[PDB]
There are 2 protein chains.
Amino acid sequence: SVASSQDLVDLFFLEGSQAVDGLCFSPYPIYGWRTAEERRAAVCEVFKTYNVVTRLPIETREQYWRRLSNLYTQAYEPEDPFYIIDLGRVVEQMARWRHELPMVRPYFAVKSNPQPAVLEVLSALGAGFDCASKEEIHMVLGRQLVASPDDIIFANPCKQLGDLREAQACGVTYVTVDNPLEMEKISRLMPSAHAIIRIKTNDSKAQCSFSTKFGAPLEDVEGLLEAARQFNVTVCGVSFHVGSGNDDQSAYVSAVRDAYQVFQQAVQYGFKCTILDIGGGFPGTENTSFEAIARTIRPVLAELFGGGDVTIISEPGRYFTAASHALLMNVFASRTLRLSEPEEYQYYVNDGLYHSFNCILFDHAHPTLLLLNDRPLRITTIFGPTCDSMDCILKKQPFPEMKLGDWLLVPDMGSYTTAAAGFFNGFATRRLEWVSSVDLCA
Amino acid sequence: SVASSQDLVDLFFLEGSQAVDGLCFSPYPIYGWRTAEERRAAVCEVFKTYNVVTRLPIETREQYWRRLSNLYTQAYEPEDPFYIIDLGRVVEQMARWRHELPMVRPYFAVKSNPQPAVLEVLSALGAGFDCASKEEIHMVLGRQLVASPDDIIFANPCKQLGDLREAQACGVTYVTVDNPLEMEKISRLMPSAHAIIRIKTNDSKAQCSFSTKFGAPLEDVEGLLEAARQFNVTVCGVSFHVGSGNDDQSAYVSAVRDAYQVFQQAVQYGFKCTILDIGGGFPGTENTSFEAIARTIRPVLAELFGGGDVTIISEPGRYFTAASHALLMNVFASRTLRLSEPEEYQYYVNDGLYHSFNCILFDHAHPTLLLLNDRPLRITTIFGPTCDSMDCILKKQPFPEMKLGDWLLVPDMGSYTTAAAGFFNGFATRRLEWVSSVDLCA
């Protein structure tokens, strides 16, 4: 386990710079309209805006977190919950993406974590934006994160009429579709649209499968193309999503092979597809690695999309954000019961199921609870701050005996946590501590 | 089924007024510091502030909703989702409470629906406030909803230190406790506190049981009283909660009988209890009625707490808010599949599991989906607006065949819905239409 990968970050920022005579390290230009000098400056500017203190570690990731947590414990109360946000891990994930797949430009899925510093860093690094609502389109455009609305893909296969109207008025063009009734809607409200056909995937192995709601089945792509030509809709490409948190390499290879068949079928209707969107699903934390996935996708892209006439894009969400956040919660209350002399040790922490831990229900997450300064193992039950007995993050499981004032550290909490969190009982985690694990800004 | 109970509202506002020579209809004064004239005016003022249009119906509740929905369908889009909030049903629930239990003053549980108009109407009607966080205490005090901080009960048996400090600085006194470690905390941060001991209940029959996390077991009340006398903490009463959505009349009777035993045990330590808090659990919608529950609680309160020296209070949340709201969602998208020629009819509506329908998971709710203008029964699947396949409110169940533009009406959506709702994918229901089913303000 490693706290940082400094070597990749150095190579990423060097690429296309005057120090290497504006030379790229592959047949692909660097992601983004900015030059290598402009891109490094834009990233440092974001780091300044959010007062990011550079904290470097070789230390494991857990050790890096335990050490930074002890440092950060001492407009908020001393015992309030908080997030340590490592914006260096975001930068590093972009460096890791470029090194593995320079043929694929990443379009950040805003839905995973719409934190303004995360959107700003990714904009400055050359990433595009994947928006699913008029609210998401507005938070990218209103903060000047894209040089053109062509850098936004509206990846929601089923959209409300007012959203189709608002994306058209905004200049948004690339819009997802997977059903005949949606083709008609796009033709009416987005006349200047560049339609991208989303197809069904073998997503059974994913943490969160989505073929149940989205993705045109292969046998139905025929009638969908038919309707696009009919309503004068321009089909410019094909997209897919193998499910969020999918380690199945075979599902990525199988989806690109199926997407190639759609490119063929599209010619017969008057469409020359120029965009292949491979969606998300990539892991964001350190058995399947992102490298193993990239290794199996690279040859298939060379085999069927290595002609040079098509642009290859992706929509990673979790990949960029998961490892960036660590949650710190104070154990402020406790009581002991008798098991039906066995004793249950119940504790109460200032975050839980209604807020950051909603991921236990919506994301099928299983976060790791680290006792900050680890005591005998007791049958422990841990609750959130709300008045609900359902707000429980751990029920009757062995865990070292804790005391009031102790802290719980939960790393890898940057994806599908605060993005879906509510404010039930009036509890929220508002204190943010911005750090950078990578050397980049002096 | 009835759309309103006008007769109860008329009797409620008449009680204690000059029209009846300031006479109450029982040995109990009306709830609140306001006179009957001041109370009726304060309610009408709230109705003016929120532009409440009086809409009267004899019509069933479903018929009243179907008719008002057709009227309201024609800064928002025409197809946007919305809530019709009947503030008259709130007033009526307070009238129904007074008629059934005048010996019990209701302290609204803010957690169930902290909508500012709901808090304002209930403040003007004489209700107290049940707060669980410093945020909840602040939204009551900052909006001037109580004449004194004695009208707030801090009903969270386990509180953060910064919350104990903030309630003390605010003048909040009545605070819940159920464990020895919490007694010590109250003694330190809330020295001016009037402690209320919360006891365990036979809540197995409740929709949402909470004895797992809260409520001192009977055998442990002895050591809890012992610790209160020890840390110089004033035990002024006993509270309980039979679980949210509990129709078990025997659980209310059993909890009052158990609360009487605690009043006895408290004498031995130097405490004369003066407050009996019977919590929540009461139904808010029209097999167990609120009347049947009140009928079984009244005799037990006369038997053990009919001496006249103790004040009896409650903390209803769902009771006051559930029937006040109706949710309207537009069916904006659709696709058909083949069942594994059987066809699945999938639809997409502009509210779901991440927002208003979180209650399906946290509240064990089973809302009623009414097709506005009801078609053959098809195997239907209905989804929310987010990109998640998990955001599903109905999976493969018979339902009349729908078309785009149709509306779904979901009545009884006023409790544990918008109060716990997040903003995942950037979708929220913001349009509110304020109506009153009861005659009260000209």
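Order of the sequence lines fixes the chain letters, A, B, ..., with proteins taken first and strands second; residue numbering starts at 1 for each chain. Worth knowing before you read on, the calculation uses all heavy atoms, side chains too, and leaves out hydrogens, waters and symmetry mates.
Rounding to the nearest 0.5 angstrom, the gap separating the CG atom in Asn179(A) from the OG1 atom in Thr336(B) is 8.5 Å. Note: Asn358(B) CG to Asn358(A) CG = 9.5 Å, rounded to the nearest 0.5 Å. Once rounded to the nearest 0.5 Å, the distance linking CG of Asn156(A) with CG of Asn425(B) reads 6.5 Å.
Checked for salt-bridge contact, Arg338(A) and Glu219(B) miss the test: no charged N lies under 4.0 Å from a carboxylate O. With salt bridges taken as basic N to acidic carboxylate O contacts below 4.0 Å, none links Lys134(B) and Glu77(A).
Between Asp388(B) and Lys213(A), the shortest heavy-atom contact is O-NZ, 2.8 Å. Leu361(A) and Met390(B) get closest at one heavy-atom pair: O-SD, 3.6 Å. Residues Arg335(A) and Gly215(B) approach most closely at NH1-O, 3.3 Å, considering heavy atoms. The shortest heavy-atom contact between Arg165(B) and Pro78(A) is NH2-CD, 4.2 Å.
In this structure, no portion of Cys208(A) lies under 4.5 Å from any heavy atom of chain B. Contact of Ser211(A) with chain B is made through the backbone alone, with heavy-atom distances under 4.5 Å. Contact of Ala155(B) with chain A is made through the backbone alone, with heavy-atom distances under 4.5 Å. Heavy atoms of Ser244(B) lying under 4.5 Å from chain A are absent altogether.
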Start with the C-alpha gap between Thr212(A) and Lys395(B), add the side-chain angles, then the distance that decides, and say whether side-chain contact (heavy atoms from CB on, under 4.5 Å) holds.
CA-CA 10 Å; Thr212(A) 275; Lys395(B) 175 119 191 158; 3.5 Å; yes
Working note: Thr386(A) + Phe362(B), criterion side-chain contact (heavy atoms from CB on, under 4.5 Å); need CA distance, chi angles, decisive distance, verdict.
CA-CA 12 Å; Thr386(A) 77; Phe362(B) 293 103; over 6 Å; no
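When each of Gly162(A), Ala421(A), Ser334(A) is checked for heavy-atom pairs under 4.5 Å with chain B, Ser334(A) comes out on top. Note: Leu353(B) leads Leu404(B), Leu353(B), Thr381(B) in heavy-atom pairs under 4.5 Å with chain A. Most heavy-atom pairs under 4.5 Å with chain B, from the set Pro114(A), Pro217(A), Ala333(A), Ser133(A): that is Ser133(A).
A heavy-atom distance below 4.5 Å is found between the side chains of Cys387(B) and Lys111(A).
A donor-acceptor contact shorter than 3.5 Å links the side chain of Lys185(B) to the backbone of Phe332(A). Remark: side-chain polar atoms of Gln160(A) are not paired, donor with acceptor, to backbone N or O of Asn330(B) under 3.5 angstrom.
Between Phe424(B) and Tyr416(A), the two ring planes are perpendicular [angle over 60°; tilted spans 30° to 60°].
Taking the six-membered ring for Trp, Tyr348(B) and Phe214(A) have ring centres closer than 6.0 Å.
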